[PDB]
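Student: I have a structure here, written as structure tokens, and I will follow up with some questions on it.
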Amino acid sequence: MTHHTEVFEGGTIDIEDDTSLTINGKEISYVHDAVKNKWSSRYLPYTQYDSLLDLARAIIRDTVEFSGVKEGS
């Protein structure tokens with residue numbers, strides 16, 4: 001238990017121990033816009049997102065890197 005699995009358009013979302021943002025096993029380091037730190041997520045720089053769950057899905061949707069089979073066109 002205590003883990004959330006989710007498949008977004010081919011990308012697996014790994015949430016472990018009710019923490020840890022991972023996609024396809026790759027560590028997703030969030031950067032919050034909070035008082036502690038004024039910066040954007042390292043994987044999505046200067047892009048505006050709404051929530052944390054939204055963020056995770058936005059990454060997979062915006063980057064084909066987490067989609068899998070696509071090196072280019």
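Chains: A, B, ... in order of the structure tokens. Residues: from 1 per chain. Ligands: from 1, in order shown.
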Tell me which protein, DNA and RNA residues are within 9 Å of residue 44 of chain A, counting only C-alpha atoms, leaving out same-chain ones fewer than 4 positions away, and put them as a tab-separated table (two decimals) with N, CA, C and O atoms, in the first residue's frame.
Tutor:
chain	number	residue	atom	x	y	z
A	40	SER	N	10.67	27.73	-10.59
A	40	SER	CA	9.77	26.77	-11.22
A	40	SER	C	10.39	25.38	-11.20
A	40	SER	O	11.59	25.23	-10.98
A	48	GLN	N	3.68	27.79	-16.22
A	48	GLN	CA	2.74	27.95	-15.12
A	48	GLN	C	1.75	26.79	-15.06
A	48	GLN	O	1.06	26.49	-16.04
A	55	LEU	N	0.61	19.18	-12.27
A	55	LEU	CA	2.01	19.31	-12.67
A	55	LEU	C	2.55	18.00	-13.24
A	55	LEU	O	3.11	17.98	-14.33
A	58	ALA	N	1.06	17.25	-16.49
A	58	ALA	CA	1.49	18.26	-17.44
A	58	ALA	C	2.87	17.93	-18.00
A	58	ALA	O	3.14	18.17	-19.17
A	59	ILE	N	3.73	17.37	-17.16
A	59	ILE	CA	5.07	17.00	-17.58
A	59	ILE	C	5.02	15.92	-18.66
A	59	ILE	O	5.62	16.07	-19.72
A	62	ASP	N	3.61	17.24	-21.88
A	62	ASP	CA	4.39	18.27	-22.57
A	62	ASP	C	5.72	17.73	-23.09
A	62	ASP	O	6.27	18.24	-24.06
Student: Residues within 10 Å of residue 10 of chain A, please, as a PyMOL selection string. Count only C-alpha atoms; anything in the same chain fewer than 2 positions from it doesn't count.
Tutor: chain A and resi 6-8+12-13+24+60-61+64+66-69
Student: Limited to N, CA, C and O atoms, could you put the picked residues into a file as a compact mmCIF listing (two decimals), in the first residue's frame?
Tutor:
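The resulting file, again25.txt, is reproduced below:
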# COMPACT_ATOMS: atom_id res chain seq x y z
N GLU A 6 -0.12 5.13 -11.68
CA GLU A 6 -0.99 5.79 -12.64
C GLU A 6 -0.32 5.82 -14.01
O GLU A 6 0.89 6.03 -14.10
N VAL A 7 -1.08 5.57 -15.05
CA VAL A 7 -0.54 5.59 -16.40
C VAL A 7 -1.12 6.74 -17.19
O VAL A 7 -2.32 6.77 -17.49
N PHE A 8 -0.28 7.70 -17.53
CA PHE A 8 -0.71 8.84 -18.31
C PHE A 8 -0.12 8.77 -19.70
O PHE A 8 1.08 9.00 -19.88
N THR A 12 4.29 6.11 -16.68
CA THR A 12 3.89 5.61 -15.37
C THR A 12 4.27 6.59 -14.27
O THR A 12 5.41 7.05 -14.20
N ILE A 13 3.31 6.92 -13.43
CA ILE A 13 3.54 7.80 -12.30
C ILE A 13 3.75 6.96 -11.04
O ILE A 13 2.89 6.18 -10.64
N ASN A 24 8.14 6.95 -14.57
CA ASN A 24 8.90 5.93 -15.30
C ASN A 24 10.13 5.51 -14.48
O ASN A 24 11.04 4.85 -14.96
N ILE A 60 4.26 14.86 -18.40
CA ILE A 60 4.15 13.75 -19.35
C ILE A 60 3.51 14.22 -20.65
O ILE A 60 3.91 13.81 -21.74
N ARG A 61 2.52 15.08 -20.53
CA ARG A 61 1.81 15.62 -21.69
C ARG A 61 2.71 16.52 -22.53
O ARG A 61 2.58 16.57 -23.76
N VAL A 64 7.78 14.41 -24.54
CA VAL A 64 7.67 13.08 -25.13
C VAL A 64 8.72 12.14 -24.55
O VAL A 64 8.69 10.93 -24.78
N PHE A 66 8.98 11.23 -21.55
CA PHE A 66 8.34 10.31 -20.62
C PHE A 66 7.26 9.49 -21.32
O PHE A 66 6.65 8.60 -20.72
N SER A 67 7.02 9.79 -22.59
CA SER A 67 6.05 9.04 -23.38
C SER A 67 6.63 7.69 -23.78
O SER A 67 5.93 6.66 -23.77
N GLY A 68 7.91 7.68 -24.15
CA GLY A 68 8.57 6.44 -24.48
C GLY A 68 9.10 6.42 -25.90
O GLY A 68 10.11 7.06 -26.21
N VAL A 69 8.40 5.71 -26.78
CA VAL A 69 8.86 5.50 -28.14
C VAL A 69 8.65 6.75 -29.01
O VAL A 69 7.60 6.92 -29.63
Student: Please provide as a ChimeraX atom specification all residues within 10 Å of residue 52 of chain A, with the sequence filter that same-chain residues fewer than 6 positions apart are discarded (counting only C-alpha atoms).
Tutor: /A:21,30,32,58
Student: Taking the DSSP secondary structure from the backbone, can you list the residues of segment 4-60 of chain A that are alpha helix (DSSP H), as a PyMOL selection string?
Tutor: chain A and resi 52-60
Student: With C-alpha atoms retained, write the just-selected residues as an mmCIF file, in the first residue's frame.
Tutor:
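See result-v1.cif below for the written result:
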data_model
loop_
_atom_site.group_PDB
_atom_site.id
_atom_site.type_symbol
_atom_site.label_atom_id
_atom_site.label_comp_id
_atom_site.auth_asym_id
_atom_site.auth_seq_id
_atom_site.Cartn_x
_atom_site.Cartn_y
_atom_site.Cartn_z
ATOM 1 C CA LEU A 52 0.886 19.152 -7.960
ATOM 2 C CA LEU A 53 -1.154 16.366 -9.548
ATOM 3 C CA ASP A 54 -1.753 18.686 -12.513
ATOM 4 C CA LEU A 55 2.008 19.311 -12.671
ATOM 5 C CA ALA A 56 2.881 15.614 -12.877
ATOM 6 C CA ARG A 57 0.465 15.017 -15.741
ATOM 7 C CA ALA A 58 1.491 18.264 -17.439
ATOM 8 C CA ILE A 59 5.072 16.997 -17.579
ATOM 9 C CA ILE A 60 4.146 13.751 -19.347
#
